[PDB]
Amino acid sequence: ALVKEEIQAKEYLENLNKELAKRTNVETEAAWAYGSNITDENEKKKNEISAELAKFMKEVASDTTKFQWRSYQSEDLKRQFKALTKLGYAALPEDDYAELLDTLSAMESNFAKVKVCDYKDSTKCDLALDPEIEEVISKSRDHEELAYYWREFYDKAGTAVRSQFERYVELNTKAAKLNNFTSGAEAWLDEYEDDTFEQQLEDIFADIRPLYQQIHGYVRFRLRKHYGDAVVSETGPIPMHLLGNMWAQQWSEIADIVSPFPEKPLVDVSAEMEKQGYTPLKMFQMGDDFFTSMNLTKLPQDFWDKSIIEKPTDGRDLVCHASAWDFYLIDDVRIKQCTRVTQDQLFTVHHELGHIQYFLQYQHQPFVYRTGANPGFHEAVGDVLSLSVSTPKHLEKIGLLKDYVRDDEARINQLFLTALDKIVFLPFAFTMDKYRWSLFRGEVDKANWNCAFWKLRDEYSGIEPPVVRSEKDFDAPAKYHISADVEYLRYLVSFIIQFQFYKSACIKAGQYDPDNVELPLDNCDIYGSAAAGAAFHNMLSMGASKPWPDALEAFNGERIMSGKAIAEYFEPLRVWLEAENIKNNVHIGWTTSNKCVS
C-alpha cells in the first residue's frame, strides 16, 4: 500500500502545487488592487477572495490526513505535506476568519489614511506620513515642531485602533491554538525551523549591546551640544523625536549633527541625484543593472508594465509603504513604491528588488517552496547590494560622490553613518516582536499594554517619547508592520545575516582580504562580480526546499546564524568609538524612562 501510495502522493502534490499557485494569483491580484487603491469596494473583494482561498486550504489540510505522509521515504515529499498542514489564520471558523480580515483591513487602512495639520497652519490638514511628515521628522531640527508631528501621528495611527488591535490579538491567538501552537509567537517562530532560535538571537543581541550602548552614548552627547541640556539629559533615554525617524529605528538622517568628524566628508548623494536629473525609473534601472551585472536575472517586462514606482497624483488613498509582490505565475513580479529621489530611497529600491530577484530565482520550484529559506533570508538579499551601493567606492563609480578623499577620518564618518542604520536598528527590531510575542503569549495584562511597549523600547534602545504617554494612548500600531500584521523578526535576522552574505560575497569578488588595508570590508563593491552572483543563485534558487541552514551552506559553506560578520565589519568603528567616548568622558547607559505613566 505504502510504496504505491507514495507514488500517488507525488502526483497529488504536483497537481495541488499548480492549483495553489493559480488560486493565490487571484488573491494576490485582489490584494494589489486594494493596496494600490483603497476603497470599500476593493476591500470587500480582497476579503471575499481570501475567505474563499481559506476555505480551500481547509480541505487541503483535511486531505493531508488521508495520506500516510509521515511514513514516506522521501524527505522532500514529507516536507511539502508538512507545509500544507500549516493553515495559519485559515484554520479559523469561517465567520471568525472574516472578522479577522475586517479587523486587519480596518487597521491597515487607518494607517494609510492618516493625515495631520501643518504645525504652522491648522487650516491645511492633508499632510501624510509619506511624504510630508516623514520629511519633517527627517530634516527639521526644531524640537517643538518635531514633538508636535510625533504626537499628531501617534495619536492617529496608534491610539485610534486599540479596539481593533485587541480583537486581532484574540483572533491571532485563537488561530495559533487551532494549529496547536501555544500562541502566535510560536506560529511566527516556526518559520525559522529551530527550537533554540529565540535564545540564539538573545545571544547575538547581547554580544552587540555594548557597541550599541557606545553609539547611543555618543549620539546623546552630540545631541546635547545641538539642542542643549534642557532638551536632552546626560543620563536619561534619548527623546526619540530628535533621532531623524518617526520610530527611531534608524538615525542616519541626523548624521549632519552627530558625525564624528564634521570637517570631513559625509556621504549624502541626494542633492547630486537631483542635479543629475534622476527619476524613480532610473533608480529602478540602476538596481536592475546591479543584479544583471552580477550575472543574475533581468527584470522581466511585466515588472516594468505593472509596477507602481511613483506615488499616484489622483489624490486617491493607497498603501505607500514600499513592497514587493510575487503573482505566482511566470515572470509576473511587481514593486509598489512611492519612490522619491534620495540616497535612502535608492537603497530601498535595491532592498525591494532583492525580493523580486528571490521570486524569479525560485519560480521553478513547487508552490510551497516558493518563499525564502526563512523570512530573514528574503529581507537580506537586497540589503547585501545596498551595502555595496552605499560604499564611497561605488558612489564615485556612478558619479554621485564628487571630490571625496578617503582618509581615516572619512572612513570613520562612513562607518558611523552605517552603524546609525545597521547597529541602531537591531534593538528596535527585536522589540517590535518582543512586544507582540508578549501580548500573544498572554504575558501582559490589557491594563498595561501601552506602557509595556515603551518599557521594552527603553530597556532595549534607550529611547522614549517626547511627551508623557499613558494607558489612554496606544502607540504600537503607529508602526506600519504592527498595524498590518507583518512579523518583524525577519528584519532582525536580515540585519545579522546580511553581513554574513556580504562578507562572503566580498571575499568571492576579490574585494575583501582581512590582511590587507586596501580591501577593508566596509569599502567592498560587488558590482560586476559573477562570483558573488553565483553564490546568490545557488542559494536563492533553493527557495524553502530545504531548511535554511542548507541554503546558507549553498551560499558560503556555513550553517550557523552568527554575529561574527557584523562585528568584523564594525570592529574599526568600535575601537575608535570606545576611545573617543573615554576621551570625552561620555556617559554610557540610561535611567528608567518616566514618560509612560501607569
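Note that residue numbering begins at 1 and tracks the sequence as displayed.
Participant: Can you let me know which of the two, 517-525 or 391-399, has the higher average C-alpha B-factor in the entry?
Facilitator: Comparing averages over the C-alpha atoms only gives 517-525.
Participant: Tell me which stretch, 404-412 or 452-460, has the higher mean Cα B-factor listed in the entry.
Facilitator: Here the higher of the two C-alpha B-factor means belongs to 404-412.
Participant: From the list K479, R222, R340, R436, select the residue with the highest C-alpha B factor recorded in the entry.
Facilitator: Answer, based on the entry's C-alpha B-factors: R340.
Participant: Identify, among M561, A551, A61, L53, the residue whose C-alpha carries the highest B-factor in the deposited PDB entry.
Facilitator: Highest C-alpha B-factor among the listed options: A61.
Participant: Would you mind ranking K18 by its C-alpha B-factor against the rest of the chain and naming the third, lowest, middle or highest?
Facilitator: It belongs to the highest third of the chain when residues are ordered by C-alpha B-factor.
Participant: Based on the deposited C-alpha B factors for this chain, I'd like to know if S598 is in the lowest, middle or highest third.
Facilitator: Its C-alpha B-factor, which the entry lists for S598, ranks in the highest third among residues of this chain.
Participant: Ordered by C-alpha B-factor within the chain, which third holds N584? Give me lowest, middle or highest, please.
Facilitator: Within its chain, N584 is a middle-third residue by C-alpha B-factor, going by the deposited values.
Participant: Would you mind checking where the Cα B-factor of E94 ranks among the modelled residues of its chain, as the lowest, middle or highest third?
Facilitator: Its C-alpha B-factor, which the entry lists for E94, ranks in the highest third among residues of this chain.
Participant: Could you say whether, by C-alpha temperature factor, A544 belongs to the lowest, middle or highest third of its chain?
Facilitator: Its C-alpha B-factor, which the entry lists for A544, ranks in the lowest third among residues of this chain.
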